[PDB]
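What follows is a pair of forms of the same protein chain, given separately as structure tokens and numbered structure 1 and structure 2.
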Structure 1
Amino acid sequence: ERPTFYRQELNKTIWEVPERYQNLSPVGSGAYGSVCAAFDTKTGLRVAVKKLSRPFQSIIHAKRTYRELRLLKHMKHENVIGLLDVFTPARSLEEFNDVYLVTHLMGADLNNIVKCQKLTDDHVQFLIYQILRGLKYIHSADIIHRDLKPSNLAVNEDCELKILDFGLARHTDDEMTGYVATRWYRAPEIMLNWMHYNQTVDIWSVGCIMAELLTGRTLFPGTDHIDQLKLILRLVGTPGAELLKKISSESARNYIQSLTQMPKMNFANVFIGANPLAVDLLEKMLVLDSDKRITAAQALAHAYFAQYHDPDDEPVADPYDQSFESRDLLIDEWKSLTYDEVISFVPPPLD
């Protein structure tokens, strides 16, 4: 019942995969993993296979591996990445050292859509509706993406959209420094570590994405953390005392207060010619105080999506047990938990 595996070297990386996966071709790599495109002869699908890099090298990495697998096994929604397969060449826990994760091959992301074609208001409605529909689902499981951006959004030729995470490297300060798309979609509270963050950090990102779909241009293309903050506060206004009290960081709070006070701008004069309903929704998403931001579930009911909104086809997630997050284990323990989840994996209905 165990499939036969075959070996192949690709860019100095050994790939051992079941025979069903053919025509492996490098797509990308980083500190956390390497990715190949392939043809799944069992399902007839073009797939992307991610091989994790040293998944159990440390406690921190071992835990991250377990977390990703748990997440991936749980997410079953049209607008979210689906796990087609997870495998290891290991025949036992003792020799278990590699984990491979398989999903549908992307190809086009939202970045190349917005860079390479004209989008009507109808397109924007459909794209953002799908992101919000996925977010409702993940947020109902108390799962937060935190790194929503055009390159993490797969879009097909019928404009159908899926949320994933193509991060293959450590989320360091260097990667977040300077004039980088890495930071342009980030909620200010997480960019400047103001406070404990809520799931509406993802709604801020959606606002930034929606704005760029409407104008074709990045909303807050800051040259660094502080330049980006100034771009944000110019649009949305400097915070009042109510928000300032919620900023737990004394240093961050003290910095914001050094800034000259500015009013919220008129969004109709920024997003010129945009559907007034799109302008209205942007104003409800691009709110500095994360307590006051519209939720995904609230947003799906906004009049901007009247064309697509169907309350009987916007599903929530099954309960997701994240007790493991608070738990301290050894590498070998995280490894055994991970091994059990590989072994217990049941493929989605064919296909």
Structure 2
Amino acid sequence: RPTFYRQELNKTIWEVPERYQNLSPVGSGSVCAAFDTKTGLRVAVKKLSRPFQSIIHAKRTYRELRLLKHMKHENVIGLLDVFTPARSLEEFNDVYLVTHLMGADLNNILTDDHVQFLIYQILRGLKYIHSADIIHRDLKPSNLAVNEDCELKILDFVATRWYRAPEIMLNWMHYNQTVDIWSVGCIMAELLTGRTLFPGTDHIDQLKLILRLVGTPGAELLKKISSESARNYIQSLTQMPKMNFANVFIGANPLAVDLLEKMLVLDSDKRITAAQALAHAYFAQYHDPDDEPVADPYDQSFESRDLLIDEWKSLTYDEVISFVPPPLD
């Protein structure tokens, strides 16, 4: 039960344990860079904004704490600490999250050898996340933290639609994990060209650019679309042939072109998985089957539950008290 110290930083007040020093605002819940006197590391402290404001907020706060507490992988952001100034459930209102301070994002950043290492680390993190039955859904360069060492970590908290799989913008329920692989393809394409692959102005224009590259679907994909309106609209467009990816990505590593062909597929049933992609020949120099682990089981059953604010709040308090700090190395 450490001593807490308070200071007003920009808008809001901050009450943190003494071990975290030299708070410096970084963004805006609010996030401060600080120095961790227990480990000697630079860390990011995030103070959640109104974490229990509504049923939706309280469950969202609970969801975020559960996910971060579960992630233990080199290419996924991990939780160093979670704390509150409160001494009891009764006075519990503020939640603070502490993670490693990550240098920059992929947006702030390329050789073919850099793209291999960077995309290999994303796919390595996605295999872990997907093995827990978790879908990211929001992969984009600003959700990828990169070191000065080119070490990459997937994060979660430049248009989001540019990286979204086409099934999500068509509002298909029952999409699978490969919506993330579509995002990887869009990211890898941008690192190889310097240009956004699908800079759509909106959701309609986004699909137009996507289909111009991958083509309008064939009858094998059409016979699996349940929506009659979506099926008619797609069938009424002028048929566009699939462009040759070697032509579009001219001068790139033919192994990189072959992988993009397997990631940017309309039919998500045919799209390549993270595990399958890790064994693609394009990653021969980094791929190690004995060092690409999967995650412990993750209980998502709370997602289907409707509870009161105080109950999500109490479940969140439980997760704060039961937190075991990660081992120091």
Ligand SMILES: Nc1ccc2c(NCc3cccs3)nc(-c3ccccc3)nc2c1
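Rigid core: the largest C-alpha set superposing within 1.5 Å between the two forms. Just so we're on the same page, residue numbers count up from 1 along structure 1's sequence.
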Check your understanding: Two forms of the same chain here; which is the form solved without this ligand?
Key -> 1
Check your understanding: Just one of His74, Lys149, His139, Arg253 has a CA that shifts 2 Å or more between structures 1 and 2 on a core fit; which is it?
Key -> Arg253
Point to revise | Core fit, then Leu235 C-alpha moves 2 Å or more between structures 1 and 2 | key: no
Point to revise | Per-residue C-alpha change between structures 1 and 2, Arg91, threshold 2 Å, rigid core fit | key: no
**Study point:** Rigid core fit then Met262 CA moved by 2 Å or more between structures 1 and 2
**Key:** no
Exercise for review: Quote the shift of the Cα of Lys292 between structures 1 and 2 to one decimal place in Å, the two forms being superposed on the rigid core.
Suggested key: 1.3
Study note, to complete from the structure: After superposing on the rigid core, the Cα of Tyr185 moves between structures 1 and 2 by an amount in angstrom of 0.8
Check your understanding: Hey, core superposed, how many Å does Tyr197 shift at the CA between structures 1 and 2?
Key -> 2.0
